[PDB]
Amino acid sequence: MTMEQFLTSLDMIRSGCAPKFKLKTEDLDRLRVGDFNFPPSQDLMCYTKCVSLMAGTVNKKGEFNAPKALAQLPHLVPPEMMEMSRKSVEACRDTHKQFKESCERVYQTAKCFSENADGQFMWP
């Protein structure tokens, strides 16, 4: 995947998940630039789960699968973003173990990715 294809993919992924929830555009805009520094609604957390289920990086219980995510990366991000992503997978692989509810598990993992990101982080 090229950078151009990646950027466009963000919108396509969103379109498959956003209609399932009641979401604020301002909240989506913030996640899009990797700003997870605000309290999320349950809907927003579950939206992150929907996006991650589409990526194949989590199961329906919201458990993050590090090996599968590593294997999926070439199908999710451009070469330019692989190392940052590999590094975040590793730093955030166990975040889900601190939470029991599936949407929260995924949201907190995504938040970790955004904080651990050593470059710009973008969420669909």
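Residue numbers here begin at 1 and follow the sequence given.
Mean C-alpha B-factor higher for 109 to 117, or for 6 to 14? It is 109 to 117 that shows the higher mean C-alpha B-factor.
29 to 37 set against 81 to 89, stretch whose average Cα temperature factor tops the other in the entry: Mean CA B-factor is higher for 81 to 89.
Report the third (lowest, middle or highest) to which the CA temperature factor of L53 belongs, ranking only the modelled residues of the same chain. Middle third by C-alpha B-factor.
Cα B factor band for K20 (lowest, middle or highest third within the chain): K20: CA B-factor falls in the lowest third of its chain.
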